[PDB]
């Protein structure tokens, strides 16, 4: 083949995570892979990034790069813009231990790292396992996608959010393009007293599934299919445009009459 694929691999769980190390191993059978990922498994970074401080990096013997206290986004940013020359063809983020579905996606560091490689020659993949077991299956599904992208370019969609059923590969039904489901608002806080009687608060579990119908990511994964949802960064709720303009006129905001 005329060209090697050069892949920037990141994740949310840090460089030591088995999900990213399993995927790296699988990708390296056919691709060049540079890992740039958080130094440790931190929870809940979303697409935060480090602006108030400079970031420190560390290179392992195998060449993996960990960014110290780096967010998922930090790592992809540094990887694309400084640490990999020339720039990667594609950012692959995963494999995440745990699903990234529905309206959770915006909170996902795994998705954020992909999000950050949306301007490369291929659409970025965010890869999450619905579980902790079959990294092998998600690795294989990722490999298949990537061979697919190199066979024919995907013309529209700069980020693909891929959720893989936690099954042995032979039981995965196939792949469906899906939209993000939704959840009810999350509302649990779990209070816990410290030894001095002060109340500290844990953020609780997500809200219950609300939109999990036939074409959602939630449905696809439950039915044993890989879910693929293309994502974009534009948060515009266009359907609300007229209602909002009409409301402002109605309440006299921005207009004198």
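Residue numbers count along the first chain shown, from 1.
Here the stretch with the larger average CA B-factor, out of 236-244 and 6-14, is 236-244. Per-stretch averaging of Cα B factors for 107-115 and 135-143 places 135-143 on top. Per the PDB record, 195 has a higher Cα B-factor than any other of 204, 70, 230, 195. When the C-alpha B factors of 130, 161, 93, 81 are read from the deposited coordinates, the top value falls at 130. Among all modelled residues in this chain, the alpha-carbon of residue 174 has a temperature factor (C-alpha) in the highest third.
Among all modelled residues in this chain, the alpha-carbon of residue 87 has a temperature factor (C-alpha) in the lowest third. Among the modelled residues of its chain, residue 123 has a C-alpha B-factor that falls in the lowest third according to the deposited record. Compared with the other modelled residues of the chain, the Cα B-factor recorded for residue 66 ranks in the lowest third.
Sort the chain's modelled residues by C-alpha temperature factor and residue 223 lands in the highest third, per the entry.
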